[PDB]
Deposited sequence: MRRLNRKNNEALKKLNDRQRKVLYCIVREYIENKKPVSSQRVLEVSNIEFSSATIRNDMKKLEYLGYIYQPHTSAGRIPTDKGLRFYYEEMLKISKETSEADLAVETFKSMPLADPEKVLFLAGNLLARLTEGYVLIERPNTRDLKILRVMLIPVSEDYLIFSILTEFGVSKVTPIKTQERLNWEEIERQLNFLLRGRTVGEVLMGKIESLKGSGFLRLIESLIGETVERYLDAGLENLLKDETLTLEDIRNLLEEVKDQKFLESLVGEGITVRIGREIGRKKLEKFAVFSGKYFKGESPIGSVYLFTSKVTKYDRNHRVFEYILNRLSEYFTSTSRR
C-alpha cells in the first residue's frame, strides 16, 4: 500500500495525522499548506489527498471539507515516528507508582499485572513492636518486603513467640498456599491467625490507574469506556494482545468492534529473562503515539530494573 506514494504524499499524510492528533478536527487541504513546509500549491495537495483517500489512509466522515486519518493512516504515522527515533523495597508500591506515572503522563488507562503469588516463597515473617501500642508486620519475599501492615495492639502478647511460630509455619511455604487454605496447623493461636488472614487476603490480578483520563478525552463516549471496562475482564483477550516486545494495536487492529476507538500499548516486565507480568496502556487512538511509546518504554525498563535487582 505504502509503496504507491511518492515522498510528497507521505509528508502530506504525516502532516494530516500530526495535525489531527494536536487539534482534534478534520484537516483541510488549506490547513496542511498553512502549517507545512510543502513547496507546492493547494491544488496538488488536493490531488494528493484524493489518492490518500483512495488508498484508505484518510477519509471524510460527514460534510466536512477536511479529512481524518483511518486506522491505516494512524499506523503509518506510528511506524514513521519510530524510524526517526526511589530505592523502594515494596514491590506493590513500585507497581503503584509506575502505574500512576504511566497513566498521568499519557492521559491513558493502565493495567499492570501483579507478580503471580502461587510460587512466591515466604522467606521470612517479621513482627516488630515499635511501642506498647503498635507493631509492624511484613513478609520477606524474593521481590522485597510485602504486605507491610502497622497493627494496633491492645494487649501485650508474646510477640517473639508469635513471630517464631509464624516463621515455623510459613517460612518456605508460598503466599499462594495461604490463599487456598492449605496451611492447616490447627493448634490454637489468635494473633498468628489474624496475620495469616492478611497474607491470605485476595489481591486482584491487575492494578489499574487513570480511568479518569479516559473521561476527559473528547474522542471517547460513555459507550466506549463501558465497553473497555467489560472487555478488560476477558483475561484471554488481554493475553492475546501481548506480542513479541513492546506492541501497539490501533483501532480495528485490536480485533474487537466494541474497542474500535482505542489504541493499546502492551508489553511485559522482567526479572532477568523471565516474564513476571504484563502491562497495558489504553488510550483513545487519537493520541500522541510518540510520547506514549517513550513513556511506556521508560516505565517497563524501570519495572524491569527494579525486579531484576531483587536477585
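Missing C-alpha coordinates mark the following deposited-sequence intervals, in order: 1-10, 96-110, 337-338.
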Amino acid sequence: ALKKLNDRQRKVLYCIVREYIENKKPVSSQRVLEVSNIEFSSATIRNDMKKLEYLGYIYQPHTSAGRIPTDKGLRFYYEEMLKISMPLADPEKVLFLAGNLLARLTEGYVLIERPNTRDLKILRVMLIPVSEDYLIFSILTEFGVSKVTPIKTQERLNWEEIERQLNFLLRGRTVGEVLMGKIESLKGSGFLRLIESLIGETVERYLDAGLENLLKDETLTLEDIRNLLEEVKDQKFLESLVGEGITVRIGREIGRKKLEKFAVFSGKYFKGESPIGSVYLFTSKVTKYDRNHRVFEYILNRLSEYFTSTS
From here on, numbers count along this sequence of modelled residues.
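Higher mean CA temperature factor between 242-250 and 269-277: 242-250, per the PDB entry.
Just going by the entry, 185-193 versus 143-151 on mean CA temperature factor gives the higher value to 185-193. Highest CA B-factor among 135, 222, 199, 170, as stated in the entry: 199. Per the deposited record, 128 carries the highest C-alpha B-factor of all listed residues (128, 162, 122, 228).
Per-chain ranking of the deposited C-alpha B factor places residue 261 in the lowest third. When the CA B factors of the chain's modelled residues are split into thirds, the value for residue 75 lands in the lowest one. For residue 97, the recorded CA temperature factor ranks within the lowest third of the chain's modelled residues. Among the modelled residues of its chain, residue 294 has a C-alpha B-factor that falls in the middle third according to the deposited record. Per the deposited record, the Cα B-factor of residue 57 falls in the middle third when ranked against the other modelled residues of its chain.
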